[PDB]
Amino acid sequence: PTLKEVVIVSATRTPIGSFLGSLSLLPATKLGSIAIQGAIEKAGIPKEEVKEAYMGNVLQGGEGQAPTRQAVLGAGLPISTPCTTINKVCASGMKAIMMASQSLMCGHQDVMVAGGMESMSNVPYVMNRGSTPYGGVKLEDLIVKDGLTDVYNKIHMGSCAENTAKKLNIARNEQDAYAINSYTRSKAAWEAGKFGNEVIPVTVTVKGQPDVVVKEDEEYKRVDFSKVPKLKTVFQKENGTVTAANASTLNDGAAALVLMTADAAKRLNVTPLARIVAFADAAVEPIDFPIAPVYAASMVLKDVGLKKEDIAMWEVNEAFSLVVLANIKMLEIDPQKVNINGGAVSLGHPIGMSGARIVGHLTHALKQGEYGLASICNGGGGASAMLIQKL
């Protein structure tokens, strides 16, 4: 049998909440359920049609058994739905979509949900099993230990990024200009109503207090442009460039897509939003993660036979402003086509979610016939990339 064609029929997300902020009372799995239910409703299909589900999720500790199963059953999908939780660090939300697309291509399912989720607010601390050492011990923060420290270099991702800043001569002022640009694009996009088909609101309910309706991203309002060039370079004391403002932040969120074969969309009288054309993974030295998305994108372009000029919009995940700048520079692409409506530096980075969010954003924002290319770096030196065409 030949490979099946895969289409995106809907793509939906929660707003992104700030660390210990507006969505911090909700577990990752509950945000998961909200996004999945929303995506199914938007697709207009019976929920029974969804055959299987993959969700990205990096910091699974303390979330309870089978996080994807919790999200799926919490969304009211049938108990017959198999579930798998995916961890490619920062690339998790994209890799879930890629893996689901592989199952569909093989004809192993005809309809799936794929996406990502993360509640950094609820990630716990850990104590080693065993006897306590004389003199005491520090219980580690799993955001730091599992999420943000490179194993091999024993330093923060932010300190790894400094290496690329040095090698490619990307200065503090340029990184700060990029970050201000992201905040500006995010605000403009929200004010133009550009997220109306993408984001669904969340109602946070507390006993004995009034409901809070969270309807937009929280992070992009937390900025003061006049203070941006005043911040300390917290990942490197001497000759540093990366700051809290020009780096991504810690956040909570979930996103979900309904994926089908072309045959299934036809059978169900669904008009799909976009076609999944191709995808790829690349890896380089762990310290050099900022540059892996260049190679992953180049792989996809070469596979399909497109030139960079053929791409209408780029989503290069804003793990740090430095990452986007390194990518624009190496690929020599028009900066006006890159992260047009903001990104992780200003919208925030719930790590397991962002790779799904950026694909969902292209699905809504591209115009008919246009190609969009999303790419996302990950801890350990990896990246994933994906090319879609709007239908």
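Quick note: we count residues from 1 along the sequence shown, nothing fancier. For the two forms, the rigid core is made up of the largest set of C-alpha atoms that agree within 1.5 Å on superposition.
Looking at 106 to 114 and 134 to 142, the one farther from the shown form in 6 other deposited structures of this protein by average CA distance, after a rigid core fit, turns out to be 134 to 142. When the two stretches 88 to 96 and 129 to 137 are set side by side, the higher mean Cα temperature factor goes to 129 to 137. Stretches 202 to 210 and 160 to 168 differ in mean C-alpha B factor, with the higher average recorded for 202 to 210. Across the residues 119, 101, 271, 186, the deposited record lists the maximum Cα B factor for 271.
Per the deposited record, 236 carries the highest C-alpha B-factor of all listed residues (317, 236, 81, 182).
When all modelled residues of the chain are sorted by CA temperature factor, residue 368 is found within the highest third.
When all modelled residues of the chain are sorted by CA temperature factor, residue 389 is found within the middle third.
Residue 215: CA B factor in the highest third of modelled residues in this chain (values from the PDB entry).
Residue 176: CA B factor lies in the middle third for its chain, per the PDB record. Remark: residue 246 belongs to the lowest third of its chain, ranked by C-alpha B-factor as recorded.
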